[PDB]
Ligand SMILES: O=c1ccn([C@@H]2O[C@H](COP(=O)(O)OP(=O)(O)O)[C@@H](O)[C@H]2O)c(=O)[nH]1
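Given next, in structure tokens, is a single chain: the form deposited without this ligand.
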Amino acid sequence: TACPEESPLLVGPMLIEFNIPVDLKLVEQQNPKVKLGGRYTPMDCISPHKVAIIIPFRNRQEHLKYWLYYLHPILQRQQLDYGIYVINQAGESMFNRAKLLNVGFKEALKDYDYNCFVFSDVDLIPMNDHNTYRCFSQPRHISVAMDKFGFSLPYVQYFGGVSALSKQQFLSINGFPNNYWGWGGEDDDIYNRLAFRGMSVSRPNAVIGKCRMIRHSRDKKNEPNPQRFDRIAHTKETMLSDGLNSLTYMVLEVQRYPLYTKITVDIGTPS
């Protein structure tokens, strides 16, 4: 007992494809050590990383299937004491990614003394298990080089896709904004919060930080290079009042599926 710096099981570069539809009954089968609700704890070593992976969700059951298929194996290989949480937005009104992420943080803590949080879109898979889904000395940007972006960071302050913050780092910035409702920029806002609290972004190199975007059918088109939203005055101004401390929502239901926990919640409408 006492986990090693790096993990022995690391396979490094991996093959990621989406032409092979999958069955969750299968992933369950292939990932036996994974207890109810998507929980897994190393049975040999003692991991210092209690990670809760939060996934903003809404009508992406297919993406979720591929996501679970790839990540569960990877995560156990990284020797992580982790849990999976799918925060499902109940309405049919604007999607609110950031807010669902805040909800995950709060809900997950009701289950375990997690000290680390990975916020991941369902449609992203890491192509190299050296890209550890854990927290670092500074906030982590994991999805650094994405196939949909020519494997190139859109700009240095891009903090979208997959990231990780320790409980401390997360609290430090008052969580994430709840007021971006799918208008875009919340991830730029979150980056602003980090700078204001004197933190910076820790990243893996562009080689191991390569990631695939779940897009079956033959899609090779390179998604338009995203721009940065300039709302720096706005973050400094609203940061302390929009976030964890202003977070309100109703848990409509909680389902402990074999491979993950699914929390359906009502988070409101915008105004």
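So that there is no doubt, residue numbering starts at 1 and follows the sequence shown.
Not on display, but discussed next: the form deposited with this ligand bound.
4.5 Å heavy atom contact, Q61 and this ligand in the bound PDB entry: Although this ligand is absent here, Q61 would touch it in the bound PDB entry, with heavy atoms inside 4.5 Å.
In the bound PDB entry, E237 touching this ligand (heavy atom, 4.5 Å): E237: no, not in contact with this ligand in the bound PDB entry.
Contact label in the bound PDB entry: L24 to this ligand, heavy atom within 4.5 Å: Flag for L24 set to yes.
In the bound PDB entry, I263 touching this ligand (heavy atom, 4.5 Å): No.
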